[PDB]
Amino acid sequence: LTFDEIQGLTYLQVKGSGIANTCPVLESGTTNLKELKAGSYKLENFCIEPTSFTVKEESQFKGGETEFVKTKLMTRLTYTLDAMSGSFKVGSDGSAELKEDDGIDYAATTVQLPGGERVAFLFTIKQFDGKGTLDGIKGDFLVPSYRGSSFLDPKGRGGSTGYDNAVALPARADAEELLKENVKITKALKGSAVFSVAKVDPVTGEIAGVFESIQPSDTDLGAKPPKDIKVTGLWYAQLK
Amino acid sequence: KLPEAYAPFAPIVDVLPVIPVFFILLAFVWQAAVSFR
Amino acid sequence: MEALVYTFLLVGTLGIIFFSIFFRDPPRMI
Amino acid sequence: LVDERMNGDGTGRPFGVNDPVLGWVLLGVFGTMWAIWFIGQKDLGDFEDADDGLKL
Amino acid sequence: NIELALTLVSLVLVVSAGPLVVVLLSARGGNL
Amino acid sequence: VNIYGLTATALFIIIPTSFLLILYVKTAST
Amino acid sequence: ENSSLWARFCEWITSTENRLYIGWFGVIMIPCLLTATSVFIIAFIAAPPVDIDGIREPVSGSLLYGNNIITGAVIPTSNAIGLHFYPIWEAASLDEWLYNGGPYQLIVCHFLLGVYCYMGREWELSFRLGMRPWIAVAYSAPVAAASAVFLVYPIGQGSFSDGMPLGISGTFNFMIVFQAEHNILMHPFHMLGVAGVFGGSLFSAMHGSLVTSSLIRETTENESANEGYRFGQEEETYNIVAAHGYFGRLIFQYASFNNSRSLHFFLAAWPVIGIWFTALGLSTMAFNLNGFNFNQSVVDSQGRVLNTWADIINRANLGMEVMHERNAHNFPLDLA
Amino acid sequence: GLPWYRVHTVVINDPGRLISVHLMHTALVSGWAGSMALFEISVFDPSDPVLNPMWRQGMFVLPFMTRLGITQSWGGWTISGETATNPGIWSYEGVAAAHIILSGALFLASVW
Amino acid sequence: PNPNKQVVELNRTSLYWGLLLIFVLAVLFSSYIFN
Amino acid sequence: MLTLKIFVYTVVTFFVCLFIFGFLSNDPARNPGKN
Amino acid sequence: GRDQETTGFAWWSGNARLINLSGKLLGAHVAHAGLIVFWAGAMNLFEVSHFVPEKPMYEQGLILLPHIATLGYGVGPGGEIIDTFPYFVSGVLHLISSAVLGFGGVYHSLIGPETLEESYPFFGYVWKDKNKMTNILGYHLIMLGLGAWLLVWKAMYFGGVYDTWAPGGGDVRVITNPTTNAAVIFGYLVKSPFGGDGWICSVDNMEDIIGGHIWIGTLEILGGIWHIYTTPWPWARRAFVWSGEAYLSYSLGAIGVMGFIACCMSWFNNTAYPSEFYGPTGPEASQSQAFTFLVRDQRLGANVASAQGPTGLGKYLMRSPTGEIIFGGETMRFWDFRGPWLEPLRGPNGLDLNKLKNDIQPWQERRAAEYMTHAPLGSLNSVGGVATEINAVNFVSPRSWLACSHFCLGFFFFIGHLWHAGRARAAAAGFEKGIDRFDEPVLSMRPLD
Ligand SMILES: CCCCCCCCCCCCCCCCCC(=O)OC[C@H](CO[C@@H]1O[C@H](CO[C@H]2O[C@H](CO)[C@H](O)[C@H](O)[C@H]2O)[C@H](O)[C@H](O)[C@H]1O)OC(=O)CCCCCCCCCCCCCCCCC
Ligand code: CLA
Ligand code: CLA
Ligand code: CLA
Ligand code: CLA
Ligand code: CLA
Ligand SMILES: CCCCCCCCCCCCCCCC(=O)OC[C@H](CO[C@@H]1O[C@H](CS(=O)(=O)O)[C@@H](O)[C@H](O)[C@H]1O)OC(=O)CCCCCCCCCCCCCCC
Ligand SMILES: CC1=C(/C=C/C(C)=C/C=C/C(C)=C/C=C/C=C(C)/C=C/C=C(C)/C=C/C2=C(C)CCCC2(C)C)C(C)(C)CCC1
Ligand code: OEX
Ligand SMILES: [Cl-]
Ligand SMILES: [Cl-]
Ligand SMILES: [Fe+2]
């Protein structure tokens, strides 16, 4: 559906359909990619819809190579980044600058490996700053810690609030297992994303394309090594 | 409150809702008076 | 390992339920 | 998008049908078993006169 | 407090008014 | 001292011991 | 012959000569309570962990995921689903159904629809055997209490995640969280329910011992006294006058029941009415009516709070509610 | 009466109890086959098929499933050393379950 | 009403052979089972 | 998933129509008590 | 009066003595219908006398005044109470009519004939007469049908009813266009009862409500005329018990469902049960909390969209499981809540945060902050918080009283169904007094059952 076909629906008609989880496809407009007028644009209704989640999983086998594997999704329809505000700049020749500031720019998402391993992650592009030509707007965002600092584990340990030890084992409350009780690390990592503007509709100020990002998964507050997750799919924005 | 031409009758009104509890009790008095035949 | 022991105790309890219904000592009248 | 849904979680469909074959499931299974009951209604008594129920 | 006192007088005249039917009808007549 | 041999010894005793006790006390009461 | 296909099926369904009676409630009861039984045993053993709280932390309840019989449970449905209907066919994958607490809502929908028809066929066999009907009315009290914990309290609180977990230690979590949010101990309908199960255990031991202590001497001391009764004998194997004339001496003479039919009605009506209230007490607290709140009720002169035992219950109450669902609450009022 | 070693000869005269007593043995044999295949899958290490294969690990009935085509599992792994994208219903665990489901069906037939 | 109903008997001398047999096999083989 | 939903709706409506037409097939006369 | 040995009923089941006494049974119902009208008169005037205009209608423990307010008598824009005299006339006209109903109820119970069969043949009835039972059933459907047209005439012609979804805020709105589309009206009935559907408890506007009572008014006038001119068909002779206790048990199971429906109706719906009058719903007060701290903390310099919670889902705004931008927290379960203060902030794709960063209106945060401190949790002695709360306020929501009373009444009348449907089916079969002791039907059955 286009943007105007979504906005021509009431809330009860789009509810429960999965249409609300989708970015507006840009049906009108051409792939010429030059009639986009140069200059600055504040970028609202910027929304990113993924299509695949693949994680860099180490092989089950001993001499197996480590690639990106197909996954199936555990969280239901909570994964689209939507309605992000920011600035969009294009040059005279085709050099473009994509930047977002505010909006729903993170989406916690659990995805399950073939083999039964549930790897969770937050799909984000938050604080993005990317530069380059309209086939690649290569830049880096940050991935925050998947749980906050006031998150509490099943034993009550946590970063900001919490015990900081295993209280139910009072003789070995603090021991050589302090990797997961004495430090709850909430350090934010970094992820890289590549945007490519594919269609321009300059009479309405609407541009869409394909994105490709790679980000870390989750560290369980500093208890497991985070894994790399390659997210592809579509995106959409409104120049105005 | 009630309309002010009736507010002196507001003491009677506070007793009026509990009256159907007395109607189920009156069935027990009437049956006690015939000795629960 | 203990989950094998847990299910054996649960299957064994459901076994006695099956025998207590379909192989009960039948009540003889008179 | 990522996966494939049926997408009827909060849509309020009549008897929860969204493929029309589901409505014919409802009418086919009701209609097959209405017809078995109707043909077998000759063994249930002809309660034809007015005072012919289980009454008190 | 006359507004509280009349509510009690209205209670007693009504809480008696049920058994007073049963008492009076027991004495004269008796078809209850 | 293994988990197998300590309980395989106990099962090879008690499962045939009690089986023979089931048949004897059946017989000695007849 | 003259009988149709449907008529020979009706005389088999309503047949009193089956070993387990089926009835027309049993064509619902059997395929429902075999559905919920089969998916209970598979999910108690082998279900992957469940995001009960909707906050994307999974909770393990299966024997194959490191649980024993006490701590294992079929975990309630996700809080993100709420009261939404989540069958298998509304999920994308079967593992998404397993992640979001899907097995719970399939057990609970078939179990409740199976115990409503279990109650229906206790009526039906009573009607087929020429009995008086109201054993079903007695069984309506555990049915209502099962309906309160799995259906009505989720309906009032707005999620099946607040329904009772299908396990031993999951039940205990459900009770402890309930007392923090609703104060069930200070509710009179739970007080009446405790009086129904303490009275119902007193009266089971009372009626059970007076009959046992009044058995006519029929056997010797080398054989159990339970062989003095024959199944189907028409004489009455104990002395009701000796049992009445004993409990009459014990407390008061007119306190006892000389009528064994009136004794067994009161023996049925004390647990059933008591469980009827605690099923409604749970269902009124479903709508957040709550238990009596006597906190800071006793105040001396100069306006200062004297504590009571209810204030100590509150200190135990508000210790649980600051720790239950410890990551769910972003906002200071547990309105859900 | 009979000795202990002669008890099963009550079945030599009636063929209906001979069905029922071979059905119970057949329920125990396939009940072993699924239970042994569940035990072997629960202890099999499919990591190195080159230098820690199934005969190296004590797998007894897993080379009999793999001999007649069953190469994939519901844990993703295969025997040749790759990931199963579609394990199907005839996995190792599907066949270990198909013998237990048959074990209970043959059990009920023996009671009949 | 099966006419093929028989009873098993085991006298005490056969009890004493049977109990001896499974203890002597347990005396013999368990040295190998415990290894 | 739709194959499962069609199957469950055939199954559930089979047993619901057994329930409904069973009580329409002269249930109140299936008593032992004569009048 | 009457006694035990001439009936076989003790004092504690003595209303069962007047089963076959048509005139006594008439006075039993008319005197009881006096009590329903007497309570509705007395509890109305009790609530008019204890009405205080400085407090909301839902704070004061008023459950009957919000019903007359929903009809639009004496209310202004935004739920403001203009005058209380329309609530006073409703109290007196029931309190005076209760004496008229009380008189003829006492009349037919004491002086009127015991059975009105031989003297008044129009009113006389035998319970097994299937024509006369449908005849009385048809008379009362026309009364229920014409009663359902009173709501339609009052909404279309006689001043209108209160529409809480009205443009410009909620006030009294004449419903000029009631929805008579059968696909919309009968779409609620075949809708699922679960989350996002709510069977018929989600009827979201007054046009479906008033247009639905056109349907229930015509079908009961037509269905009343149907039962006056017909008798039950032979398949209905085959399925039912035709005693008076059976007809009671049929009504008890029908009305015990209706108690369960009105339990979940008053708890969830805020259109036929407006929140200006009944207070916020369970979903409404929990969504009002998340909206209140989304406006509190946004003015304190925090981006409410980019704010990550401690679990990583989003403290203020998260995504619904079908993809709608909703409020975060434990109130993700009530995301399918719709409210007339909240729906102005909601676009197609869930809530619109562009509309929610710039166009939060000052009346919306007035009303949502009112609903947070009037959540439908209380105590049995009307304290008014969570169970861990001190004696400060005096509040239990009417929705909390209306749902809890009508689940209990709906539960007992299902029990009353199971009592009387078991008994009337067994008493018509003959074995309600016990086993015959001569032909015990178990003794003529094959053992090892
Ligand atoms: C999204 C959509 C979802 C689906 C829709 C959901 C909502 C559906 C609600 C519809 C309303 C249902 C109400 C049905 C009431 C049935 C009551 C009944 O027990 O009804 C009982 C009566 C009994 O009728 C009487 O039955 C008698 C029985 O006689 C028999 O027995 C007699 C002696 O008793 C004589 O011997 C006689 O010869 C012998 O024939 C007589 O025949 C009378 O003539 C006859 O009037 O039935 C009748 O009146 C007629 C009954 C109504 C018609 C039933 C139609 C069923 C469906 C048909 C379409 C099927 C499609 C199949 C598709 C296939 C491909 C997949
Ligand atoms: C297909 C194989 C088969 C079958 C159907 C039979 C069937 C029979 N045999 Mg024969 N038998 C067989 C093989 C078989 N036997 C073999 C291989 C031997 C050599 C050891 C014998 C030696 C033998 C003798 C010497 C006698 C019989 C007798 C009998 C009859 C009664 C058996 C009984 O009551 O046991 C009762 C057994 C027990 C109560 C317990 C036995 C426990 C032992 C230790 C085995 C443990 C069971 C183990 C778990 C199963 C593994 C078995 C393995 C093959 C997989 C019955 C007709 C008797 C007969 O003819 O009566 C007139 C008799 O005297 N059999
Ligand atoms: C809503 C409640 C209700 C109603 C309307 C009735 C009505 C009736 N009952 Mg039932 N009953 C009830 C509750 C009720 N009962 C309860 C709760 C019990 C259990 C305790 C019983 C137990 C019971 C038994 C055991 C019997 C009845 C019988 C009767 C009938 C004869 C009454 C009679 O002779 O009394 C005569 C009694 C009096 C005249 C005493 C005075 C009571 C009057 C009516 C009070 C009126 C007060 C009112 C303010 C007047 C207003 C007047 C108006 C102008 C404003 C009558 C139709 C009898 C029956 O079946 O008849 C065949 C019978 O035997 N009842
Ligand atoms: C069923 C509908 C219904 C509903 C929803 C309400 C709801 C309400 N009423 Mg109304 N009321 C009702 C019926 C109802 N009442 C009836 C029938 C009467 C006539 C007696 C009244 C008379 C009335 C008055 C006079 C007042 C209210 C008030 C109130 C409010 C607070 C009530 C309270 O604190 O209860 C506390 C809770 C209880 C009393 C629990 C009730 C449980 C009962 C007693 C059953 C107990 C079980 C027991 C074992 C059975 C007893 C029999 C056994 C011994 C044989 C609330 C809005 C008050 C208010 O706010 O006024 C503005 C107020 O002053 N009501
Ligand atoms: C107070 C209301 C009332 C009552 C008690 C009755 C009572 C009766 N009616 Mg009448 N009727 C009424 C109102 C009423 N009617 C109205 C308002 C209409 C007009 C629409 C009719 C039109 C009508 C006709 C045309 C007929 C009856 C008939 C009957 C008899 C048998 C009904 C039966 O067994 O249904 C059993 C019901 C079913 C088998 C249907 C299946 C029900 C399941 C639950 C599915 C329902 C789906 C449906 C769309 C509702 C979905 C929502 C639901 C889940 C809440 C009985 C005497 C019959 C008779 O003998 O009369 C001469 C008959 O032919 N009625
Ligand atoms: C409108 C509904 C209705 C009608 C007309 C009848 C009519 C009848 N019933 Mg039924 N009954 C009903 C509902 C109804 N019942 C319900 C809902 C239940 C379940 C609780 C029962 C359970 C029931 C039983 C168990 C018996 C009857 C019996 C009877 C007969 C005589 C009753 C009598 O004299 O009462 C006399 C009244 C009393 C003795 C007083 C009882 C008062 C109790 C303690 C409640 C007090 C009110 C209290 C405020 C409510 C608290 C609960 C609240 C929290 C919801 C009569 C045919 C009897 C009979 O003969 O069967 C045919 C019989 O044994 N009924
Ligand atoms: C697989 C399910 C789950 C497994 C659960 C494991 C634990 C089970 C615990 C319960 C064990 C049985 C208790 C006692 C039963 C009893 O005494 O019945 C008494 C009846 C006697 O009835 C009479 O039996 C007569 C035959 S005879 O007399 O016995 O020869 C017959 O003629 C007559 O009609 C009949 O009335 O016995 C029988 O009918 C048949 C013989 C039963 C033999 C015992 C079975 C032992 C269990 C083995 C199951 C497989 C186990 C391995 C796989 C897991
Ligand atoms: C001495 C010895 C030996 C032998 C051994 C043996 C022989 C063993 C056996 C073993 C076995 C023989 C085992 C078995 C097992 C079985 C099982 C384990 C089964 C199970 C089943 C089930 C569990 C089922 C269930 C069910 C039912 C009942 C119905 C349907 C459904 C179900 C599935 C649920 C030898 C010589 C080798 C040498 C060494 C030593
Ligand atoms: O779900 Mn189970 O517990 Ca009725 O509060 Mn909020 O939500 Mn949850 O927390 Mn507290
Ligand atoms: Cl918790
Ligand atoms: Cl929250
Ligand atoms: Fe007894």
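Heavy atoms only: backbone and side chains are in, while hydrogens, waters and symmetry mates are out. Here is the naming used below: chain letters follow the sequence lines, and residue numbers restart at 1 for every chain.
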Are the aromatic rings of J:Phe19 and J:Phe15 close, with centres under 6.0 Å apart?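 They do not qualify: ring centres at least 6.0 Å apart.
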
For D:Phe30, check ring pair (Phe, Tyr, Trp, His ring centres under 6.0 Å) against everything at least two apart and list the hits.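 With neighbours one apart ignored, the set is J:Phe21.
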
Could I get the full list of ring pair (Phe, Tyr, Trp, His ring centres under 6.0 Å) partners for D:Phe47, not counting sequence neighbours?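 Scan of D:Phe47 (ring pair (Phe, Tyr, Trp, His ring centres under 6.0 Å), adjacent residues dropped) gives none.
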
Polar pairs (donor with acceptor) under 3.5 Å from chain D to chain J:
{"residue": "D:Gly16", "atom": "O", "partner": "J:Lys5", "partner atom": "NZ", "Å": "2.9"}
{"residue": "D:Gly16", "atom": "O", "partner": "J:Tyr9", "partner atom": "OH", "Å": "3.1"}
{"residue": "D:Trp37", "atom": "NE1", "partner": "J:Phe21", "partner atom": "O", "Å": "3.4"}
{"residue": "D:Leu44", "atom": "O", "partner": "J:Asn26", "partner atom": "ND2", "Å": "2.9"}

Given that the side chain runs from C-beta out, which part of J:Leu24 has a heavy atom under 4.5 Å from chain D: side chain, backbone, both or neither?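 The answer is both parts of J:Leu24.
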
Only counting residues at least two apart or in another chain, list the ones meeting side-chain contact (heavy atoms from CB on, under 4.5 Å) with D:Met33.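 Per chain and number, D:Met33 pairs via side-chain contact (heavy atoms from CB on, under 4.5 Å) with D:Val29, J:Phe14, J:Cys17, J:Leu18.
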
